[PDB]
Amino acid sequence: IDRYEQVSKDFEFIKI
Amino acid sequence: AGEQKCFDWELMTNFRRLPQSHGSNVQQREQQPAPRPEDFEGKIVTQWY
(Lines give C-alpha, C1' and ligand atoms only; values in the text may rest on other atoms or scores of the structure.)
Protein backbone atom coordinates (compact mmCIF):
# COMPACT_ATOMS: atom_id res chain seq x y z
CA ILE A 1 0.00 0.00 0.00
CA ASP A 2 2.72 2.43 1.14
CA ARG A 3 0.34 5.41 1.01
CA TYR A 4 -2.79 6.47 2.82
CA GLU A 5 -5.57 7.01 0.31
CA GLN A 6 -6.15 10.70 -0.27
CA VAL A 7 -9.46 12.43 0.34
CA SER A 8 -11.24 14.82 -1.99
CA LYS A 9 -11.68 18.52 -1.24
CA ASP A 10 -15.43 18.55 -1.97
CA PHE A 11 -16.62 17.61 1.52
CA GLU A 12 -19.31 19.75 3.13
CA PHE A 13 -20.88 20.17 6.56
CA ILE A 14 -23.96 17.95 6.43
CA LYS A 15 -26.51 19.08 8.99
CA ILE A 16 -27.35 16.62 11.76
CA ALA B 1 -14.67 58.44 -25.64
CA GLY B 2 -11.43 60.26 -26.32
CA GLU B 3 -8.82 60.53 -23.58
CA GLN B 4 -11.54 61.01 -20.95
CA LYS B 5 -12.20 58.19 -18.49
CA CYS B 6 -15.44 56.97 -16.94
CA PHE B 7 -16.79 54.70 -14.23
CA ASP B 8 -16.57 50.94 -14.81
CA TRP B 9 -20.29 50.26 -14.51
CA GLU B 10 -20.19 46.78 -16.05
CA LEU B 11 -17.56 45.51 -13.61
CA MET B 12 -19.46 46.85 -10.60
CA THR B 13 -22.83 45.50 -11.75
CA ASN B 14 -21.19 42.12 -12.37
CA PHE B 15 -18.96 41.77 -9.28
CA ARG B 16 -21.21 42.56 -6.35
CA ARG B 17 -19.53 39.61 -4.60
CA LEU B 18 -16.63 37.43 -5.71
CA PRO B 19 -17.93 34.07 -6.95
CA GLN B 20 -16.88 31.22 -4.70
CA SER B 21 -14.35 28.91 -6.32
CA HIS B 22 -15.97 25.51 -6.88
CA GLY B 23 -14.54 22.59 -8.80
CA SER B 24 -16.13 20.69 -11.67
CA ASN B 25 -16.39 16.92 -11.91
CA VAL B 26 -16.04 15.06 -15.21
CA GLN B 27 -19.81 14.67 -15.60
CA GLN B 28 -20.63 18.38 -15.41
CA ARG B 29 -17.39 19.37 -17.16
CA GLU B 30 -18.52 17.47 -20.26
CA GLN B 31 -21.30 19.83 -21.34
CA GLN B 32 -19.64 23.01 -20.09
CA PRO B 33 -18.62 25.04 -23.16
CA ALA B 34 -15.08 24.73 -24.43
CA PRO B 35 -12.86 27.37 -22.79
CA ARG B 36 -11.78 30.17 -25.09
CA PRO B 37 -8.35 31.81 -24.85
CA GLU B 38 -9.92 35.28 -24.85
CA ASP B 39 -11.86 34.25 -21.73
CA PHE B 40 -8.58 33.52 -19.89
CA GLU B 41 -6.27 36.27 -21.17
CA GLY B 42 -5.42 38.77 -18.45
CA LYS B 43 -7.82 37.24 -15.93
CA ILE B 44 -7.59 35.69 -12.46
CA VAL B 45 -7.69 31.91 -12.04
CA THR B 46 -7.16 29.52 -9.14
CA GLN B 47 -6.36 25.85 -8.60
CA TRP B 48 -9.39 24.41 -6.83
CA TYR B 49 -7.95 20.88 -6.84
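Conventions we followed
- Residues numbered from 1 in each chain as written, not as in the entry; some residues may be left out.
- Chains lettered and ligands numbered in written order.
- Part of a larger assembly, values for the part shown.
- Heavy atoms only, no water.
- Salt bridge = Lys/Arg side-chain N within 4 Å of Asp/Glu carboxyl O.
- Buried < 20%, exposed > 50% of the residue type's maximum accessible area, 1.4 Å probe, protein only.
- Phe/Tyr/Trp six-rings, centres within 6.5 Å; stacked < 30°, edge-to-face > 60°.

Identification of chain B as Dicer-2, isoform A from Drosophila melanogaster is taken from the PDB entry.

Enquirer: Before we move on, could you go through the pattern of salt bridges and cite the residues and values that matter?
Expert: Residues and elements named next belong to chain B. Following the criterion strictly, the structure yields two salt bridges over all chains and no others. One salt bridge connects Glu-38 with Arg-36, and the closest N-O pair in it is separated by 3.5 Å. By relative accessible area, which is 53% here, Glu-38 ends up exposed. Between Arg-36 and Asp-39 there is a salt bridge, with the nearest N and O atoms lying 2.7 Å from each other. According to the relative accessible area criterion, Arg-36 is partly exposed, its value standing at 46%.

Enquirer: Outline the packing of aromatic side chains, supporting the account with residue identities and numerical values.
Expert: Residue and element names in this part refer to chain B. Under the defined criterion, the tally for this structure stands at three aromatic pairs over all chains. Each ring, one from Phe-7 and one from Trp-9, has its centre 5.3 Å from the other, and the planes form 85°; the classification is edge-to-face. An identical accessibility class is assigned to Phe-7 and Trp-9; each is exposed.

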